[PDB]
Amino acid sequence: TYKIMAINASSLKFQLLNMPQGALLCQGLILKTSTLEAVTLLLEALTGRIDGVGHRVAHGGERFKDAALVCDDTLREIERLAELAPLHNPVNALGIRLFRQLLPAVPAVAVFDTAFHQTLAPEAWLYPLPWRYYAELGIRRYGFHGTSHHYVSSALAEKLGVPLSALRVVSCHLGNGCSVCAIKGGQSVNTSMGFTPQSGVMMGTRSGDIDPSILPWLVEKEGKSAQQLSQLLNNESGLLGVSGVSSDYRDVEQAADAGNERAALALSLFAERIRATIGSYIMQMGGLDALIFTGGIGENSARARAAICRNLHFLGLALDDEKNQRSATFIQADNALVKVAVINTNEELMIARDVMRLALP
């Protein structure tokens, strides 16, 4: 019945969906079905070979608790938040304006990676810095992957046939970027990425959290500039820094299986960082009913999931080897109290559902 386009803008990803069923009518980047601004070459192929558009927006600060219809004011405050996401937000909003003009008939919705986490309480988003870093400069935990965490936790409630608000859930989005999120009463109550998508657990090239006092030390012993520190934390660490082999989980796995000791330690550390975070969120929620794995690694790596779930009988959580090995939807042992799910994230569909809810009620 309905045709919704999901946009993600040095690139421009796209996915046109047939709602409300969610059937993919095409996908591409700058084009597939079932070489050579660039939004025109898109709308051209559409013809030579639309009810609404939803736009991914990287940062929504404290201003957007939810997705927002695209008007000039909401565009005003999107471009304002460039002060926090300066290399992503401004061309997300440029993409919103290019569809504002080339395709002027069409309602648009903006979907923020941060909005889902705006239910965190201050004990969870305030860093123990001098107050004025928050109150005058906006430094606080924001969290990301909000669309992914939102989608898979909802999908998990549906599959179990209960209200999401009836469950204490830990959701692990494990890809090149990685984050964990605690969801209780249907609200995100904590998540592991912080002020920027750099922090939290170990990732492909990001370090995640580390002893902050290392950084002043590196400045003084190696004269690292702000750029250099940033490049260290985001481009040189994680699986790539530790292993010395690859940022890609499977390449690291292959090297560890052929004897590489730094690779194996990388996989071991990767699992530990996530296990420690899960542990914090179980503590904070006072228990656990379900644990979700998603992303390119969570959906596909039986080994990462097995290593993350080892020796958790004190929670009533254990895995079934045969189910884990096939990446079945539920992989917990038949006598386990905690459900463990492997759910494929579909952020374009989540975005499409927001365009429906907010542009076609």
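Each residue number is its position in the shown sequence, starting from 1.
J.: According to the PDB entry, how many deposited residues between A9 and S10 are absent from the model (none, 1 to 3, 4 to 9, 10 or more)?
T.: According to the record, 1 to 3 deposited residues lack coordinates from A9 to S10.
J.: None, 1 to 3, 4 to 9, or 10 or more: how many residues of the deposited sequence lack coordinates between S34 and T35?
T.: 4 to 9 residues are missing.
J.: Name the higher of the two by mean Cα B-factor in the PDB entry, 294 to 302 versus 39 to 47.
T.: Averaging CA B-factors over each stretch, the winner is 39 to 47.
J.: Identify the stretch, either 348 to 356 or 335 to 343, whose C-alpha atoms have the larger mean B-factor according to the entry.
T.: Per the PDB entry, the higher value belongs to 348 to 356.
J.: Considering only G138, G279, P104, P122, which residue's Cα atom bears the greatest B-factor as recorded?
T.: Across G138, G279, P104, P122, the entry lists the biggest C-alpha B-factor for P104.
J.: Quiz for you: based on the deposited Cα B-factor, which of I210, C178, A263, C71 is highest?
T.: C71 has the highest C-alpha B-factor of those listed.
J.: Lowest, middle or highest third: where is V53 by Cα B-factor in its chain?
T.: Ranked within chain, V53 CA B lands in the highest tercile.
J.: Which third of the chain does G61 land in by C-alpha B-factor: lowest, middle or highest?
T.: Middle third of the chain for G61's C-alpha B-factor.
J.: Relative to the other modelled residues of the same chain, rank the CA B-factor of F99 and answer lowest, middle or highest third.
T.: Within its chain, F99 is a highest-third residue by C-alpha B-factor, going by the deposited values.
J.: Using the B-factor values recorded in the entry, state whether the Cα atom of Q27 falls in the lowest, middle or highest third among the modelled residues of its chain.
T.: Highest third - that is where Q27 ends up once the chain's C-alpha B-factors are sorted.
J.: Would you mind ranking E158 by its C-alpha B-factor against the rest of the chain and naming the third, lowest, middle or highest?
T.: Lowest third.
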